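Just so you know, these numbers use all the heavy atoms, side chains as well, and skip hydrogens, waters and symmetry mates. One-based numbering, in listed order, for ligands and for the atoms of each. All residue numbers refer to positions in the sequence shown, counting from 1.
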Amino acid sequence: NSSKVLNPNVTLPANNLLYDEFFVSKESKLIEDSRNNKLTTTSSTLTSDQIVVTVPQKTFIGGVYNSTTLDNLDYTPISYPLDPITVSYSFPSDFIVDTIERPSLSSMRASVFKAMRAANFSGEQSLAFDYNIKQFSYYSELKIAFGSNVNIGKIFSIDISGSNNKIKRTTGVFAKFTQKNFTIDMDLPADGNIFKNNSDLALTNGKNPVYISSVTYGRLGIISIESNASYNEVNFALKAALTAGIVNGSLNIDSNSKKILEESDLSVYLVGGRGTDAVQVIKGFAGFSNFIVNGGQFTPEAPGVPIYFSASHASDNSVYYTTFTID
Ligand SMILES: [Ca+2]
Ligand code: NA
């Protein structure tokens with residue numbers, strides 16, 4: 001009859017939307033190999049189809065939400081029954097397929113455990129973090145790292161309304177850094193309509209339904225640094241932390257870089273920290289260091305958590321995205 005999609009366009013007060021620098025780890029490269037074997041990206045316009053997890057209990061493959069309710073963390077569900085889904089797990093060294101009869105958080109967890117147990121693993125996990133680094137001046141620019149128009153002030157419990165959106169120190173740097181275990185991808189619906197009773201699609205008119213069609217597991221951080229050191233000094237120090245050796249539980253970072261980060265105003269949004277399924281926001285280098293140091297091997301019992309996801313429109317199965325623009 002007709003397919004309507006709503007894909008947000010968000011203007012940011014940045015001069016550039018693309019990361020200044022980035023590093024891709026072997027494991028993340030190999031996962032994409034497995035995905036492929038089996039977008040506008042300019043400084044002034046950037047399409048984002050990856051959304052960092054903000055509501056862990058609702059972020060499971062096959063979940064269906066009103067797309068206009070994601071940015072404020074409401075995630076209003078659309079609860080009509082779904083057809084069973086077919087999902088593929090792309091690992092660094094394997095590709096595993098499963099069927100989930102009734103998409104739910106518990107069903108995803110059970111499927112993940114089964115896939116982790118079945119998967120072939122080759123060589124040793126390197127534990128290197130991927131990282132993506134960008135200078136910033138306004139806290140709203142961190143929406144880039146989250147991949148969507150989230151409320152940065154509420155996530156980080158900071159007042160950035162009005163003139164407080166601007167950093168107070170000389171230099172601002174943020175980064176997104178990840179250790180990826182695997183990516184789950186949902187097959188397109190067999191009959192073109194995710195709903196078990198296809199006529200329920202028409203009942204979702206006006207509810208802007210999107211379904212979670214890809215979920216990546218691992219651990220993730222988004223760090224914000226405000227410092228009176230220079231961009232090059234902060235950026236070097238940040239990379240030194242992210243790439244430092246870990247010896248008997250100690251981050252073997254050079255002393256000057258540690259001092260820069262300790263002296264800075266440093267917050268990290270963490271998904272997949274040890275012990276918790278919740279997201280955490282920490283302040284200070286010590287908590288950042290602890291997260292890096294304890295980022296260990298993935299196992300079936302400790303597979304990480306959902307760290308980011310993609311969604312698709314139920315009307316036509318196209319990918320849901322945010323377009324970021326400058327000015
Ligand atoms: Ca159907
Ligand atoms: Na390094």
Side-chain angles (χ1 to χ4, degrees), residues 1-5 19-29 61-65 77-87 99-104 107 125-135 173-179 185-205 207-213 221 223 225 227 229-247 250-262 264 266 268 285 288-289 291-293 295 311-318 320:
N1 184 272
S2 121
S3 298
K4 173 195 105 193
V5 300
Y19 292 106
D20 300 341
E21 304 192 322
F22 62 98
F23 169 76
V24 179
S25 69
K26 179 174 161 178
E27 287 77 16
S28 295
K29 178 270 185 185
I61 194 80
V64 188
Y65 301 101
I78 292 147
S79 301
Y80 302 114
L82 299 192
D83 281 324
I85 64 174
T86 301
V87 296
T99 305
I100 293 169
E101 174 162 352
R102 187 193 163 264
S104 70
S107 287
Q125 304 178 44
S126 71
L127 307 185
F129 282 88
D130 314 300
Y131 49 92
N132 312 269
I133 297 168
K134 200 188 99 74
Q135 189 163 13
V173 178
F174 71 82
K176 178 163 60 183
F177 55 99
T178 52
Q179 292 171 324
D185 292 296
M186 183 178 152
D187 285 359
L188 291 171
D191 66 2
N193 179 334
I194 57 169
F195 293 110
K196 180 112 186 166
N197 316 106
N198 281 347
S199 65
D200 283 350
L201 180 61
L203 299 183
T204 69
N205 295 346
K207 307 187 182 140
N208 298 108
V210 292
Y211 62 97
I212 294 176
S213 48
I223 178 170
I225 300 161
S227 172
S230 72
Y231 171 83
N232 284 341
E233 289 164 342
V234 172
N235 190 32
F236 177 84
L238 174 57
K239 291 184 292 185
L242 289 169
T243 62
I246 299 152
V247 185
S250 176
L251 188 72
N252 190 22
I253 189 181
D254 75 87
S255 298
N256 184 259
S257 294
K258 178 168 170 73
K259 183 190 193 170
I260 287 159
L261 300 170
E262 287 177 336
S264 76
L266 190 162
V268 69
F285 174 76
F288 174 46
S289 180
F291 180 80
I292 297 171
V293 159
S312 301
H313 299 274
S315 58
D316 65 358
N317 305 298
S318 63
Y320 172 75

- Message: I'd like the atom name of the N/O/S atom in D83 lying closest to the Ca ion (ligand 1).
- Response: OD2
- Query: Can you give me the OD1-the Ca ion (ligand 1)-OD2 angle for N198 and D191, to 10°?
  - Reply: 80°
- Where the Ca ion (ligand 1) is the corner point, what angle links O of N193 with O of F195, to 10°? 90°
- Task: Heavy atoms only: give me the nearest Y211-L188 pair and the separation to one decimal.
- Result: OH-CD2, 4.2 Å
- Item | Nearest heavy atoms of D83 and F195, plus distance in Å | OD2-O, 3.5 Å
- Query: Does a side chain donor of either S318 or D316 reach within less than 3.5 Å of an acceptor in the other side chain?
  - Reply: yes
- Query: Side chains of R102 and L82: closer than 4.5 Å at any heavy-atom pair?
  - Reply: no
